[PDB]
file work-v5.tsv (TSV, C-alpha atoms and all ligand atoms)
chain	number	residue	atom	x	y	z
A	626	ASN	CA	-103.58	141.63	-14.80
A	627	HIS	CA	-102.12	144.80	-16.40
A	628	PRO	CA	-102.05	143.92	-20.11
A	629	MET	CA	-102.06	147.51	-21.42
A	630	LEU	CA	-99.37	148.69	-19.02
A	631	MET	CA	-97.35	145.52	-19.81
A	632	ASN	CA	-97.74	146.16	-23.54
A	633	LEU	CA	-96.56	149.72	-23.20
A	634	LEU	CA	-93.54	148.46	-21.22
A	635	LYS	CA	-92.59	145.77	-23.75
A	636	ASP	CA	-90.05	146.18	-26.57
B	116	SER	CA	-69.43	159.20	-0.69
B	117	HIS	CA	-67.49	159.83	-3.73
B	118	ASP	CA	-70.20	159.67	-6.30
B	119	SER	CA	-72.33	161.86	-4.04
B	120	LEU	CA	-69.67	164.39	-3.01
B	121	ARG	CA	-68.09	164.38	-6.49
B	122	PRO	CA	-66.95	167.92	-7.52
B	123	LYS	CA	-67.68	167.62	-11.28
B	124	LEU	CA	-69.97	165.38	-13.34
B	125	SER	CA	-68.44	162.09	-14.42
B	126	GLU	CA	-68.77	160.90	-18.04
B	127	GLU	CA	-71.35	158.37	-16.75
B	128	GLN	CA	-73.38	161.07	-14.99
B	129	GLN	CA	-73.27	163.16	-18.16
B	130	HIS	CA	-74.65	160.22	-20.18
B	131	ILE	CA	-77.45	159.71	-17.62
B	132	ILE	CA	-78.53	163.34	-18.03
B	133	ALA	CA	-78.33	163.17	-21.84
B	134	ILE	CA	-80.48	160.00	-21.83
B	135	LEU	CA	-83.14	161.55	-19.60
B	136	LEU	CA	-83.31	164.78	-21.65
B	137	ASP	CA	-83.80	162.71	-24.81
B	138	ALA	CA	-86.45	160.63	-23.02
B	139	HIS	CA	-88.37	163.74	-21.93
B	140	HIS	CA	-88.11	165.37	-25.36
B	141	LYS	CA	-89.55	162.34	-27.05
B	142	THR	CA	-92.42	162.09	-24.53
B	143	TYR	CA	-93.40	165.73	-23.89
B	144	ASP	CA	-94.91	167.67	-26.82
B	145	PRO	CA	-94.71	171.42	-26.14
B	146	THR	CA	-97.13	172.08	-29.05
B	147	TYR	CA	-99.79	169.86	-27.38
B	148	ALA	CA	-100.97	168.78	-30.84
B	149	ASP	CA	-102.64	165.52	-29.68
B	150	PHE	CA	-105.05	167.32	-27.30
B	151	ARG	CA	-107.42	167.88	-30.23
B	152	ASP	CA	-107.95	164.07	-30.31
B	153	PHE	CA	-109.47	163.97	-26.77
B	154	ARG	CA	-113.18	164.13	-25.92
B	155	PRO	CA	-113.97	167.88	-26.03
B	156	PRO	CA	-113.78	170.05	-22.92
B	157	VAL	CA	-117.20	171.17	-21.63
B	158	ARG	CA	-117.28	174.18	-19.28
B	159	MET	CA	-119.71	176.74	-17.87
B	218	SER	CA	-123.61	169.24	-15.36
B	219	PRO	CA	-120.94	169.28	-12.58
B	220	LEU	CA	-118.55	166.61	-13.79
B	221	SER	CA	-118.56	168.12	-17.30
B	222	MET	CA	-114.72	168.12	-17.57
B	223	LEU	CA	-114.34	164.50	-16.41
B	224	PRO	CA	-114.25	163.01	-19.97
B	225	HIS	CA	-111.72	165.50	-21.37
B	226	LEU	CA	-109.49	165.35	-18.28
B	227	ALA	CA	-109.72	161.55	-18.20
B	228	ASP	CA	-108.38	161.58	-21.80
B	229	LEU	CA	-105.66	164.09	-20.83
B	230	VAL	CA	-104.60	161.94	-17.84
B	231	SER	CA	-104.69	158.73	-19.96
B	232	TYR	CA	-102.48	160.36	-22.62
B	233	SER	CA	-100.19	161.61	-19.81
B	234	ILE	CA	-99.89	158.10	-18.32
B	235	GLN	CA	-98.75	156.76	-21.75
B	236	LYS	CA	-96.07	159.50	-21.88
B	237	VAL	CA	-94.90	158.79	-18.30
B	238	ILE	CA	-94.53	155.08	-19.16
B	239	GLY	CA	-92.58	156.09	-22.28
B	240	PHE	CA	-90.25	158.23	-20.14
B	241	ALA	CA	-89.84	155.54	-17.44
B	242	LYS	CA	-88.77	152.92	-20.00
B	243	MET	CA	-85.78	155.11	-20.87
B	244	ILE	CA	-84.54	155.70	-17.31
B	245	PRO	CA	-81.20	153.80	-17.11
B	246	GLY	CA	-81.82	150.49	-15.34
B	247	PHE	CA	-85.61	150.79	-15.10
B	248	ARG	CA	-86.25	148.24	-17.84
B	249	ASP	CA	-83.88	145.85	-16.05
B	250	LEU	CA	-86.19	145.55	-13.06
B	251	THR	CA	-88.75	142.71	-13.00
B	252	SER	CA	-91.97	143.41	-14.90
B	253	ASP	CA	-93.93	143.34	-11.60
B	254	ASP	CA	-91.64	145.98	-10.04
B	255	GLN	CA	-91.92	148.19	-13.17
B	256	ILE	CA	-95.70	147.94	-12.85
B	257	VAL	CA	-95.73	148.75	-9.11
B	258	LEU	CA	-93.41	151.73	-9.59
B	259	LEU	CA	-95.48	153.19	-12.43
B	260	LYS	CA	-98.89	152.59	-10.78
B	261	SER	CA	-97.66	154.33	-7.61
B	262	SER	CA	-95.81	157.23	-9.29
B	263	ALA	CA	-97.92	158.04	-12.36
B	264	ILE	CA	-100.08	160.77	-10.75
B	265	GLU	CA	-96.96	162.36	-9.12
B	266	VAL	CA	-95.03	162.42	-12.40
B	267	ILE	CA	-98.08	163.95	-14.04
B	268	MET	CA	-98.05	166.66	-11.38
B	269	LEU	CA	-94.33	167.25	-11.97
B	270	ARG	CA	-94.46	167.25	-15.79
B	271	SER	CA	-97.49	169.57	-15.88
B	272	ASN	CA	-95.42	172.27	-14.14
B	273	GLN	CA	-93.78	173.01	-17.49
B	274	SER	CA	-97.14	174.43	-18.74
B	275	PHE	CA	-98.14	175.96	-15.39
B	276	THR	CA	-98.12	179.76	-15.10
B	277	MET	CA	-98.03	181.70	-11.79
B	278	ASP	CA	-99.96	184.62	-13.35
B	279	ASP	CA	-103.42	183.10	-13.13
B	280	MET	CA	-102.37	179.76	-11.68
B	281	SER	CA	-103.37	177.85	-14.79
B	282	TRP	CA	-101.94	175.22	-17.20
B	283	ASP	CA	-101.42	176.74	-20.61
B	284	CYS	CA	-101.62	173.95	-23.23
B	285	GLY	CA	-101.45	176.39	-25.03
B	286	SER	CA	-104.74	177.58	-26.56
B	287	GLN	CA	-107.83	178.92	-24.74
B	288	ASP	CA	-109.76	175.69	-24.88
B	289	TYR	CA	-106.76	173.80	-23.49
B	290	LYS	CA	-105.92	176.44	-20.90
B	291	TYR	CA	-106.79	174.66	-17.70
B	292	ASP	CA	-107.59	176.25	-14.33
B	293	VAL	CA	-108.79	175.33	-10.83
B	294	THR	CA	-112.43	175.27	-12.04
B	295	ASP	CA	-111.56	172.58	-14.61
B	296	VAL	CA	-110.08	170.38	-11.86
B	297	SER	CA	-113.23	171.05	-9.82
B	298	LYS	CA	-115.33	169.95	-12.80
B	299	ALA	CA	-113.50	166.60	-12.83
B	300	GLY	CA	-114.97	165.95	-9.39
B	301	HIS	CA	-112.15	167.17	-7.19
B	302	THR	CA	-112.53	169.35	-4.12
B	303	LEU	CA	-110.47	172.13	-2.54
B	304	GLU	CA	-108.81	169.49	-0.27
B	305	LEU	CA	-106.86	168.54	-3.42
B	306	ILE	CA	-106.93	171.77	-5.46
B	307	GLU	CA	-105.48	174.01	-2.80
B	308	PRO	CA	-102.33	172.00	-1.98
B	309	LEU	CA	-101.98	171.15	-5.71
B	310	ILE	CA	-101.78	174.86	-6.62
B	311	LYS	CA	-99.43	175.50	-3.71
B	312	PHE	CA	-97.17	172.74	-5.03
B	313	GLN	CA	-97.19	174.05	-8.63
B	314	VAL	CA	-96.27	177.55	-7.46
B	315	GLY	CA	-93.57	176.16	-5.10
B	316	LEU	CA	-92.05	174.06	-7.88
B	317	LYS	CA	-92.20	176.86	-10.47
B	318	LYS	CA	-90.35	179.17	-8.06
B	319	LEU	CA	-87.43	176.73	-7.80
B	320	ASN	CA	-86.63	177.65	-11.40
B	321	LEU	CA	-85.24	174.21	-12.20
B	322	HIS	CA	-82.93	173.60	-15.14
B	323	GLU	CA	-84.45	171.03	-17.52
B	324	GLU	CA	-81.66	168.69	-16.33
B	325	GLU	CA	-82.94	168.94	-12.73
B	326	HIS	CA	-86.58	168.59	-13.84
B	327	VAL	CA	-85.95	165.32	-15.71
B	328	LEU	CA	-83.74	163.95	-12.89
B	329	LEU	CA	-86.52	164.74	-10.39
B	330	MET	CA	-89.15	162.89	-12.45
B	331	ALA	CA	-86.85	159.86	-12.76
B	332	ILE	CA	-86.04	159.88	-8.99
B	333	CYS	CA	-89.78	160.08	-8.30
B	334	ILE	CA	-90.46	156.96	-10.41
B	335	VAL	CA	-87.64	154.81	-9.11
B	336	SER	CA	-88.59	155.10	-5.41
B	337	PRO	CA	-87.79	151.88	-3.46
B	338	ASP	CA	-90.29	152.68	-0.65
B	339	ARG	CA	-93.45	152.26	-2.77
B	340	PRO	CA	-95.89	149.63	-1.42
B	341	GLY	CA	-95.50	146.33	-3.30
B	342	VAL	CA	-91.87	146.78	-4.50
B	343	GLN	CA	-90.17	143.40	-4.48
B	344	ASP	CA	-86.55	144.09	-5.24
B	345	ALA	CA	-86.18	147.29	-3.16
B	346	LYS	CA	-82.36	147.15	-3.18
B	347	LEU	CA	-82.23	147.07	-6.98
B	348	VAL	CA	-84.65	150.01	-7.16
B	349	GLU	CA	-82.58	151.90	-4.58
B	350	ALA	CA	-79.40	151.26	-6.61
B	351	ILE	CA	-80.98	153.08	-9.61
B	352	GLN	CA	-82.41	155.90	-7.47
B	353	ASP	CA	-79.02	156.44	-5.80
B	354	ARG	CA	-77.25	156.77	-9.16
B	355	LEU	CA	-79.86	159.34	-10.19
B	356	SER	CA	-79.77	161.23	-6.84
B	357	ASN	CA	-75.96	161.42	-6.99
B	358	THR	CA	-76.15	162.71	-10.55
B	359	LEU	CA	-78.60	165.41	-9.40
B	360	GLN	CA	-76.44	166.40	-6.39
B	361	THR	CA	-73.33	166.60	-8.56
B	362	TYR	CA	-75.20	168.53	-11.29
B	363	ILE	CA	-76.41	171.14	-8.79
B	364	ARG	CA	-72.89	171.51	-7.27
B	365	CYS	CA	-71.09	172.02	-10.61
B	366	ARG	CA	-73.67	173.36	-13.10
B	367	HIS	CA	-76.28	175.25	-11.14
B	368	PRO	CA	-74.99	178.73	-10.38
B	369	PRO	CA	-75.29	180.32	-6.93
B	370	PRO	CA	-77.66	181.47	-5.77
B	371	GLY	CA	-80.59	179.10	-6.26
B	372	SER	CA	-78.21	176.22	-5.92
B	373	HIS	CA	-78.42	177.13	-2.24
B	374	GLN	CA	-80.44	174.44	-0.53
B	375	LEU	CA	-81.82	173.36	-3.94
B	376	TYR	CA	-81.22	169.66	-3.39
B	377	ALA	CA	-83.07	169.54	-0.05
B	378	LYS	CA	-85.91	171.61	-1.54
B	379	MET	CA	-86.27	169.08	-4.41
B	380	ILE	CA	-86.34	166.17	-1.94
B	381	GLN	CA	-89.04	168.04	0.01
B	382	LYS	CA	-91.09	168.31	-3.23
B	383	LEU	CA	-90.90	164.50	-3.47
B	384	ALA	CA	-92.37	164.19	0.02
B	385	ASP	CA	-95.07	166.78	-0.88
B	386	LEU	CA	-95.98	164.68	-3.94
B	387	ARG	CA	-96.62	161.65	-1.70
B	388	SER	CA	-99.22	163.69	0.22
B	389	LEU	CA	-100.79	164.94	-3.03
B	390	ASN	CA	-100.88	161.34	-4.29
B	391	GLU	CA	-102.74	160.18	-1.18
B	392	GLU	CA	-105.31	162.99	-1.49
B	393	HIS	CA	-105.80	162.39	-5.22
B	394	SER	CA	-106.16	158.65	-4.61
B	395	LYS	CA	-108.78	159.15	-1.87
B	396	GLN	CA	-110.84	161.44	-4.15
B	397	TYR	CA	-110.35	159.14	-7.15
B	398	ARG	CA	-111.56	156.16	-5.11
B	399	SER	CA	-114.65	158.18	-4.08
B	400	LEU	CA	-115.39	159.29	-7.67
B	401	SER	CA	-114.69	155.94	-9.38
B	402	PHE	CA	-116.79	154.01	-6.86
B	403	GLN	CA	-119.86	155.22	-8.79
B	404	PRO	CA	-119.71	153.07	-11.93
B	405	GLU	CA	-121.35	155.79	-14.08
B	406	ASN	CA	-118.20	157.85	-13.37
B	407	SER	CA	-115.82	154.95	-13.96
B	408	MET	CA	-117.55	154.39	-17.30
B	409	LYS	CA	-116.34	157.85	-18.38
B	410	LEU	CA	-112.69	156.99	-17.76
B	411	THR	CA	-110.32	155.21	-20.13
B	412	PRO	CA	-109.16	151.58	-20.05
B	413	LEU	CA	-105.55	152.65	-19.22
B	414	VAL	CA	-106.68	154.97	-16.38
B	415	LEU	CA	-108.75	152.14	-14.90
B	416	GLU	CA	-105.83	149.72	-15.23
B	417	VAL	CA	-103.17	152.03	-13.78
B	418	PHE	CA	-105.24	153.81	-11.08
B	419	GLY	CA	-107.58	150.89	-10.39
B	420	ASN	CA	-111.33	150.28	-10.52
C	1	LIG	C1	-107.18	170.92	-15.21
C	1	LIG	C2	-106.25	169.73	-15.22
C	1	LIG	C3	-104.94	170.05	-14.50
C	1	LIG	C4	-104.11	168.79	-14.21
C	1	LIG	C5	-103.15	169.20	-13.11
C	1	LIG	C6	-102.13	168.14	-12.81
C	1	LIG	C7	-101.00	168.74	-12.00
C	1	LIG	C8	-103.32	168.45	-15.45
C	1	LIG	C9	-102.97	167.11	-15.68
C	1	LIG	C10	-102.23	166.79	-16.83
C	1	LIG	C11	-101.82	167.78	-17.71
C	1	LIG	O1	-101.08	167.41	-18.83
C	1	LIG	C12	-100.40	168.34	-19.64
C	1	LIG	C13	-99.16	168.88	-18.94
C	1	LIG	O2	-98.18	167.90	-18.57
C	1	LIG	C14	-98.49	169.85	-19.89
C	1	LIG	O3	-97.49	170.57	-19.15
C	1	LIG	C15	-102.16	169.11	-17.47
C	1	LIG	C16	-102.90	169.42	-16.34
C	1	LIG	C17	-105.09	167.75	-13.77
C	1	LIG	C18	-105.67	166.86	-14.66
C	1	LIG	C19	-106.62	165.93	-14.20
C	1	LIG	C20	-106.98	165.89	-12.85
C	1	LIG	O4	-107.89	164.98	-12.36
C	1	LIG	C21	-108.27	163.86	-13.17
C	1	LIG	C22	-109.24	162.97	-12.41
C	1	LIG	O5	-108.62	162.53	-11.20
C	1	LIG	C23	-109.69	161.75	-13.22
C	1	LIG	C24	-110.25	162.23	-14.56
C	1	LIG	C25	-108.55	160.76	-13.41
C	1	LIG	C26	-110.84	161.08	-12.47
C	1	LIG	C27	-106.40	166.80	-11.96
C	1	LIG	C28	-105.47	167.71	-12.43
call {"tool": "encode", "arguments": {"input": "work-v5.tsv", "output": "structure tokens"}}
result
Amino acid sequence: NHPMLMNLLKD
Amino acid sequence: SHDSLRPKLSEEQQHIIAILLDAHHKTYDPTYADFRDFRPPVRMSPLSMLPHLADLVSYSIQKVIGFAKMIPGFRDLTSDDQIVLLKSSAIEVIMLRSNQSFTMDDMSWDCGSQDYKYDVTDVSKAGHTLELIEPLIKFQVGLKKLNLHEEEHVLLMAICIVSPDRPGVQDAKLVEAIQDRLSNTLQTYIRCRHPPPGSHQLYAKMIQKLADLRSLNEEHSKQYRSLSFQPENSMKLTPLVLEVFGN
């Protein structure tokens, strides 16, 4: 449950 | 013993440094132009700086994540480990990166206009007490006095992030493998590029600053938990701060 962190990590 | 006792920087170590300098330069704005987009500072209502500083911290978390993604190997860890590492380190990296704007004159953060010149009273007006403020200022002064090269500063932030001993890390050995490559690069950099004196005992002093950051993290976390327990305070935070620091 860390969608914003996960988004900022994605490429 | 070989990569660590290496006399001069290898080509690989040189690339690591170049990558981290680029990563820092694309995630640290020394003009602080985005600060005008935050909720305005309110000074002189005791938590009056909480909204502005919540925005500043939220912005800073985004930049720390941006930096972390460029550390060689970091993106090759599992997503869960990346998350754990960033949740645990974010406040420490913020403390490290802020040192670039910190001035020993009046022990303030110059960012770089009067409204965005932050002092101990601003931290106080975010809800923090002297139990945090005092060791935080000590740390900023201690770090500033080390007079790090930018190379050492970016290596220290990366080493901070990729710490295998954080609670919740799954693949500790893989994390350690990255941290070791970075620590060796730092050791070799200091030996061959940092002139005596000031290279004297520099590596051990930097490692000590990492331990000091752990203590500062614990104190900040305790105070944050106290503040954010009251939902009217949590309401004033940002979605990313809540996600990364908890609610
Ligand atoms: C007066 C603020 C000084 C400081 C010191 C951190 C060492 C700061 C942070 C980021 C900066 O960013 C810019 C910098 O990197 C440019 O070099 C500058 C300064 C800070 C900010 C917020 C603080 O608390 C926030 C609460 O915990 C909250 C709201 C989460 C509930 C505590 C300290």
call {"tool": "atom_distance", "arguments": {"input": "work-v5.tsv", "atom1": "atom CA of residue 218 of chain B", "atom2": "atom CA of residue 300 of chain B"}}
result
11.0 Å
call {"tool": "interface_residues", "arguments": {"input": "work-v5.tsv", "of": "chain A", "to": "chain B", "cutoff": "8 Å", "atoms": "all atoms listed in the file", "output": "PDB file with C-alpha atoms, in the coordinates of the input"}}
result
ATOM      1  CA  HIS A 627    -102.120 144.800 -16.400  1.00  0.00           C
ATOM      2  CA  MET A 629    -102.060 147.510 -21.420  1.00  0.00           C
ATOM      3  CA  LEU A 630     -99.370 148.690 -19.020  1.00  0.00           C
ATOM      4  CA  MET A 631     -97.350 145.520 -19.810  1.00  0.00           C
ATOM      5  CA  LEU A 633     -96.560 149.720 -23.200  1.00  0.00           C
ATOM      6  CA  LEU A 634     -93.540 148.460 -21.220  1.00  0.00           C
TER       7      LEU A 634
END
call {"tool": "axis_aligned_box", "arguments": {"input": "work-v5.tsv", "around": "segment 334-351 of chain B", "padding_each_side": "8 Å", "output": "lines of an AutoDock Vina configuration file"}}
result
center_x = -87.6
center_y = 150.2
center_z = -5.5
size_x = 32.5
size_y = 29.6
size_z = 25.8
call {"tool": "atom_distance", "arguments": {"input": "work-v5.tsv", "atom1": "atom CA of residue 274 of chain B", "atom2": "atom CA of residue 230 of chain B"}}
result
14.6 Å
call {"tool": "closest_residue", "arguments": {"input": "work-v5.tsv", "among": "B:223, B:328, B:334, B:351", "to": "ligand LIG 1 (chain C)", "atoms": "all atoms listed in the file"}}
result
B:223
call {"tool": "atom_distance", "arguments": {"input": "work-v5.tsv", "atom1": "atom CA of residue 299 of chain B", "atom2": "atom CA of residue 330 of chain B"}}
result
24.6 Å
call {"tool": "decode", "arguments": {"input": "work-v5.tsv", "residues": "segment 295-308 of chain B", "atoms": "N, CA, C and O atoms", "output": "short mmCIF file (atom, residue, chain, number, x, y, z; two decimals), in the first residue's frame"}}
result
data_model
loop_
_atom_site.label_atom_id
_atom_site.label_comp_id
_atom_site.auth_asym_id
_atom_site.auth_seq_id
_atom_site.Cartn_x
_atom_site.Cartn_y
_atom_site.Cartn_z
N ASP B 295 11.49 28.14 13.31
CA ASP B 295 10.64 27.51 12.30
C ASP B 295 10.41 26.02 12.59
O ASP B 295 9.28 25.53 12.49
N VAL B 296 11.47 25.32 12.97
CA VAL B 296 11.36 23.90 13.32
C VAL B 296 10.44 23.74 14.54
O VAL B 296 9.61 22.82 14.58
N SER B 297 10.61 24.63 15.50
CA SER B 297 9.78 24.68 16.69
C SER B 297 8.31 24.85 16.32
O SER B 297 7.44 24.17 16.85
N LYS B 298 8.05 25.73 15.37
CA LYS B 298 6.70 26.02 14.89
C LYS B 298 6.14 24.97 13.92
O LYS B 298 5.06 25.16 13.33
N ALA B 299 6.86 23.87 13.76
CA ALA B 299 6.32 22.68 13.09
C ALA B 299 5.91 21.64 14.13
O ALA B 299 5.34 20.60 13.80
N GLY B 300 6.15 21.96 15.40
CA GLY B 300 5.73 21.10 16.50
C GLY B 300 6.85 20.36 17.21
O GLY B 300 6.59 19.53 18.11
N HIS B 301 8.08 20.62 16.79
CA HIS B 301 9.22 19.94 17.34
C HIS B 301 9.81 20.64 18.54
O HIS B 301 9.72 21.87 18.67
N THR B 302 10.39 19.85 19.43
CA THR B 302 10.95 20.36 20.68
C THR B 302 12.47 20.42 20.64
O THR B 302 13.10 19.95 19.66
N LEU B 303 13.06 20.98 21.70
CA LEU B 303 14.53 21.03 21.79
C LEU B 303 15.19 19.65 21.81
O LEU B 303 16.37 19.53 21.43
N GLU B 304 14.46 18.60 22.20
CA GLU B 304 15.01 17.23 22.20
C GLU B 304 15.42 16.81 20.78
O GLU B 304 16.33 16.01 20.60
N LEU B 305 14.76 17.39 19.78
CA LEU B 305 15.19 17.21 18.38
C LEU B 305 16.10 18.34 17.87
O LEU B 305 17.13 18.08 17.24
N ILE B 306 15.70 19.58 18.14
CA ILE B 306 16.34 20.76 17.57
C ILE B 306 17.81 20.86 17.97
O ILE B 306 18.68 21.14 17.12
N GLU B 307 18.09 20.60 19.25
CA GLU B 307 19.44 20.73 19.72
C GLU B 307 20.42 19.75 19.07
O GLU B 307 21.44 20.18 18.55
N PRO B 308 20.14 18.44 19.09
CA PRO B 308 21.05 17.53 18.38
C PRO B 308 21.04 17.71 16.85
O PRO B 308 22.03 17.42 16.18
#
